[PDB]
Structure formats: C-alpha cells, structure tokens
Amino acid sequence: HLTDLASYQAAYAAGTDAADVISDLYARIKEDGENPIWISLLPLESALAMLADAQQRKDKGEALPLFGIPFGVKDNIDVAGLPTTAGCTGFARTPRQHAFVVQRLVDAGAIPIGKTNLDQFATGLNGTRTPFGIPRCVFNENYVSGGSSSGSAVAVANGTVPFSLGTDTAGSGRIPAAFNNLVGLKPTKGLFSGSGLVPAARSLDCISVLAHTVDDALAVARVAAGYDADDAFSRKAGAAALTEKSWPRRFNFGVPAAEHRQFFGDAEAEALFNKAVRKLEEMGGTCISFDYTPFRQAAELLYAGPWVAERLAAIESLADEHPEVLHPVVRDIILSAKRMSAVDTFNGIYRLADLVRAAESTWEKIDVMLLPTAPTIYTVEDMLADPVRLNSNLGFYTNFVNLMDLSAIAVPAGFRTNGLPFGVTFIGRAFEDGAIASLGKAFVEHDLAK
C-alpha cells in the first residue's frame, strides 16, 4: 500500500506503472463515496491523459520531481476542467486554467485527482460548515475533521493521496493537520501565488501543504513556491527560504507562560504539550516564557475586528444577490462586516501595528515559537450545537499568524489515551519556513525509529 512520496517513488522505480496506480486509486474512491471527502473528481480519462503528457516529457529527459503523484486540491483553488465550488452549491465557476500553484505541480508531473471538501469559503476551523456532507477525524468518526482544509487533510490521512493543498488564513492549513496526525506547512505570505484561488482574506490567505512528513511537505512547497508577477501579493523568496538547515546545539524557543495556557478543559492535551516542551529542551532548546496577551489580542482582530470585511469583499456580489446559498453560520459572520466602516478598519490596522510592536519583545529573545496547534478537539455534535464559540476556541493559538506575517509548520506531537492525536506548531518570522521545518522535522524524528 502507497502512503508517502517515497512509497510512490520506490514503486515506480521497481516498475509499477503510474496509470495502474491512478486507475486503482479512482476505483477505491468509487467503491467508497466521493462525499464527504471529495466534492468532485477529475474524470479518469483526463487524469490518464495528463499523466501520458508527463510520461512523454519524462521520456524526453525532462526533470519531473513529482512524476505520477496524485494529489487533492481544496475546492477554493482552481483546477482546469473542474468547477471551483468552494463549498457552496451556487458558486458555479469552472476555470479554464490551473491556479498558478497547481500549474507548477502539474508541470512537475503531479496529477490533481479532484477537489476536496471544506468549510464554505474557507470560513471555519472545523469542517462541519459545508453542504457536501461532514468530513471526519480519521482517528474517530464522531470527532470533527478540523480545519477548513477538511477533505484535503482526510484524503491524505486516510491514505488516498500522499499530499494535498489546503489554504490557511486563520489556521485552516494547521488545525486539520493536528487532528489527523499530519504535517501542515503554512508558507510565508506571498511565497505561494494566490492566482486562481478564491480569496477568503486576500491580504492574509496562503495556499498550504498537507502531507505525512516534513520532507514531503517541503518537497511539494519547493515546487509550489515562486513569484507570480500577476499576483500583487506575491513576493520573491528563492532557495534561501525553503532550504533545510541543521539547528545549532543550543537555541531558544518561546512558549506562553504555563499558568495562563488555554486548553479549554482538555487536561490530556495540556500534558502532551508539556511533553513536547521537554522534548525540545532535550534537543538543546532553552524554554523562554512569554506573555501571550498581544498575540491573543491580535488573533482576536481576525473575527472581532475589521478583517472579516476581506471575506465580504471577496464575495460581495454573491452575498448581496444570493445570500441563501451561503451556509447560515458563514452567512451571519461574513454579512456582519456590512456594519464595519473604513474608520473601523484603519483603527484595526493601528491597533495591529501596536500589537506587532509589543510582540517584538518576545521575538528578540527567541529563535522560534512553539504553540499547541489546537488546544482541544470537539465532537461533531458539540460543534453543530455551539458552532461559533467552539470554533473560535480552536483558533486560540492560530489566528494571529498571518496577521503578524509569520511562517508556521504544524507537526504531530503524539496521541491521547483515546487515540485522538495532538499537534504542535513551530512559528517563525517571514521567510524562515525552511528553518522551522528543519526543527519540526528533527522534533518528529527524536526519538523516532526508522
């Protein structure tokens, strides 16, 4: 059975035939359901055609680092031939071209099998806010998949695909990783192009990577990353930003003061986080305590501040003319921006800038920040019953990252007694993606039998 990239690379080297792997994969999805993990699938014939084109180019000696690798794509991102519903039964647009990032992956030989489910318009951190059926934690169907990038995460964790693309604004590229024992690479803003992505908050959005390991996540990120002159929020990076680097024998890492950490009654998660702190200490880290307040306050501006208006801006016309196709919880949130003024926005911007300035005190004393990815997980039923508050709780340690222009990577940090996984997130400054990935990888692999 095929799991990670290496397992596909080994199979192809041993002579397998990618066309059989893909046909088998499609078959396996058919005997199961499409929903709730998949909103649509690239027809088998188009997939095999895309593969044949890749084959021909490989045969001409072209370099194809992701040859014959199937992947899922969150349905807010364009794939040519498939509608981009973005988890909404009335947004009907079918793009002529691949999104800039998908194009680079297909250029490297990868094959996008289909579009994955999500919280509608990427507004949510749990995965229940969809009309296409509710995706579920792979470790227990009763619990939420997480994330916004819900189906993208499940499709990797259940073994269907070795990677997938998510997006991350508030934490949608990380929450679902944590709940499904995956790696979630959230690149620095502008490292990945936003062309062919239906925006949520355009100034904050990042297409993101979901995989089983950091190497795989990195392998994909290197291909996906790159400057897109047509995307005004695209930035230039280079090999420097996603390069792996060995960490010095001693370093500093920041953790919010133990006494004020927020786990919303989840004692096991608290203890598992403490394990993670120790483990990093044993790898040479000195734990620096800091006051989380300014980070919390900034995180709060995403939904309790004017940035909600970026979502309304992105779908203004649809919210005005056809509010009925919006998921009711998503609707109320997005339409609440109607009451936010230009003055409110700039005061939010001034406030944010003050919080960034306060936060510099912490960054000056650390090389990386370590947070729980999600403080606790919830059941589907509990989330449906309390869909705003419980969702906001999941965003306690995520929602400030893009606002403050940071890099993040979410990695596994073990399991609860009941089998449900728990994840931590390493956070660095802009363009420190490779650095933090390197530490995250060393963390996963200490003390990990090969």
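A residue's number is simply how far along the shown sequence it sits, counting from 1.
K.L.:
Do the CA atoms of 316 to 324 or those of 73 to 81 have the higher mean B-factor in the entry?
P.N.:
Looking at the recorded C-alpha B-factors, 316 to 324 comes out higher on average.
K.L.:
Got a sec? Mean C-alpha B-factor, which is higher, 219 to 227 or 93 to 101?
P.N.:
Of 219 to 227 and 93 to 101, the stretch with the higher C-alpha B-factor average is 93 to 101.
K.L.:
Determine which member of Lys186, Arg357, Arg339, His212 has the highest CA B-factor, using the values in the deposited entry.
P.N.:
Result of the comparison over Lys186, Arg357, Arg339, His212: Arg339.
K.L.:
Just to confirm, going by the entry's C-alpha B-factors, which of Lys236, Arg249, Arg296, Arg351 comes out highest?
P.N.:
The record points to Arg249.
K.L.:
Determine, from the deposited record, the chain-internal third of the Cα B-factor for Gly127: lowest, middle or highest.
P.N.:
Middle third, going by the recorded CA B-factors of the chain.
K.L.:
Give the position of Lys365 by CA B-factor within its chain, expressed as the lowest, middle or highest third.
P.N.:
It belongs to the lowest third of the chain when residues are ordered by C-alpha B-factor.
K.L.:
Quick check for you: using the entry's CA B-factors within this chain, is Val154 in the lowest, middle or highest third?
P.N.:
According to the entry, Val154 has a C-alpha B-factor in the chain's middle third.
K.L.:
Using the B-factor values recorded in the entry, state whether the Cα atom of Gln55 falls in the lowest, middle or highest third among the modelled residues of its chain.
P.N.:
Within its chain, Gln55 is a lowest-third residue by C-alpha B-factor, going by the deposited values.
K.L.:
Check where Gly414 lands among this chain's C-alpha B-factors and tell me if it's the lowest, middle or highest third.
P.N.:
Middle third by C-alpha B-factor.
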